[PDB]
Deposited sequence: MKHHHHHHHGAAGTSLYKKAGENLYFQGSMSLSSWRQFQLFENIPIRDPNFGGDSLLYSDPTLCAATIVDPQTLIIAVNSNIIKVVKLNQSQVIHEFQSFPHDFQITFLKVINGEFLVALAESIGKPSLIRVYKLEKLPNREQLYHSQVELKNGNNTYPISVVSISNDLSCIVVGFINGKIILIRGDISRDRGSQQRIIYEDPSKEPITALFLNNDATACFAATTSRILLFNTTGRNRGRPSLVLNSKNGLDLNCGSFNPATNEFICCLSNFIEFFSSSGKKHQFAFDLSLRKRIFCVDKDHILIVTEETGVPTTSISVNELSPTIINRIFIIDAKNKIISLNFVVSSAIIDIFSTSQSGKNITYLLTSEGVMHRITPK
């Protein structure tokens, strides 16, 4: 595998680092998502949401979005129109709150729509979430192996129906969950199985396809490619590609130290590995079978997200010491 420098990595540390108005270097930051190359949304102080304009280094909106005893664990921007936030509090049902980006509220009781997620004694953390582009289909996976399917006209706040569609018999965590492009199926994995569920909720708690009956995925080792409608599965010794019909191809790769993967664009996969403890970041050109970028970061990765509004896909690596790496093709 030949290495080339076909992407540019520009590490940017929070310009407010060291002062009294921290942005994405806030040491309490628990979730982050990007709206466009100029706009970052973060969650700090357990349940405060802040809109950050990067080119100005300023918070332009902020509010408490959940009650005092809740912790935000996921933020997602859906279709450039909605902010979706999930928050948990042990022993209580988790909450999904949906907002309109253009009209964000100023206090915790105001939200466009809400989903309440019950799961047993509610001590089991959420592990994965996938949301369709119109918000009518949501899947949530948990550490005890439960998957909940939510359907309904949530974008206009007309209520939702919920259905448990999987309870892993061995109570293994759900480690990947991705809706396909028309959200008729959801790719899923545990640590020891790779699965597909149709999203009709008529499945008796059973998968529609067993994609890999012998191995699963570690956390963050699945990703999804919209351009090809494929589940990308990073195992220890190879990467597998699954379509909604079970169609399958793969290639060998030494991924013993894998921590995390991310679909960069149609052809490229970003791979995070652990090294002596630092993180090495590769980009693989799965089409031409080359390494297109290779660098290291000295800090844990909080999250990886993407923008496309500037004429190309930019990949952002948010680090836990307030450096955001911006990765751009040349």
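Enquirer: What portions of the deposited sequence, indexed from 1, have no corresponding C-alpha atom in the structure?
Expert: Those stretches are 1-34, 311-325, listed in order.
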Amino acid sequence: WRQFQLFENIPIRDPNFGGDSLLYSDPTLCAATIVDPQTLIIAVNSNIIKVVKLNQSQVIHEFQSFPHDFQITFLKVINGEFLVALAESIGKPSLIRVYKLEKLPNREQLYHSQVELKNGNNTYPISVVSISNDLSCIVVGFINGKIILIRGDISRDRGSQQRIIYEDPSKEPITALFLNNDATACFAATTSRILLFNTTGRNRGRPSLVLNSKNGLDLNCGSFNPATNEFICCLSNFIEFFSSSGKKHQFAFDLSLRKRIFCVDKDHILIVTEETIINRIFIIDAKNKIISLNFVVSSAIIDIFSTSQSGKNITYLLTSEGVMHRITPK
From here on, numbers count along this sequence of modelled residues.
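Enquirer: Got a sec? Mean C-alpha B-factor, which is higher, 277-285 or 31-39?
Expert: Here the higher of the two C-alpha B-factor means belongs to 277-285.
Enquirer: Please work out which of 291-299 and 43-51 has the higher mean CA B-factor as recorded in the PDB entry.
Expert: The stretch with the larger mean CA B-factor is 291-299.
Enquirer: Whose CA atom has the top B-factor in the entry, of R206, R260, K214, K146?
Expert: So the option with the highest C-alpha B-factor is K214.
Enquirer: By the CA temperature factor listed in this entry, which of these ranks top: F74, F187, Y166, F253?
Expert: In the PDB entry, the greatest C-alpha B-factor among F74, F187, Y166, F253 is found at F253.
Enquirer: Would you mind checking where the Cα B-factor of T123 ranks among the modelled residues of its chain, as the lowest, middle or highest third?
Expert: For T123, whose C-alpha B-factor we compare with every modelled residue in the chain, the answer is the highest third.
Enquirer: Taking the entry's C-alpha B-factors for this chain, is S310 in the lowest, middle or highest third?
Expert: It belongs to the highest third of the chain when residues are ordered by C-alpha B-factor.
Enquirer: What third of its chain, lowest, middle or highest, does the C-alpha temperature factor of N198 fall into?
Expert: For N198, the deposited C-alpha B-factor lands in the middle third.
Enquirer: Should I90 be placed in the lowest, middle or highest third of its chain by the C-alpha B factor in the entry?
Expert: It belongs to the highest third of the chain when residues are ordered by C-alpha B-factor.
Enquirer: Could you look up the Cα B-factor of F242 in the entry and say which third of the chain it sits in: lowest, middle or highest?
Expert: Within its chain, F242 is a middle-third residue by C-alpha B-factor, going by the deposited values.
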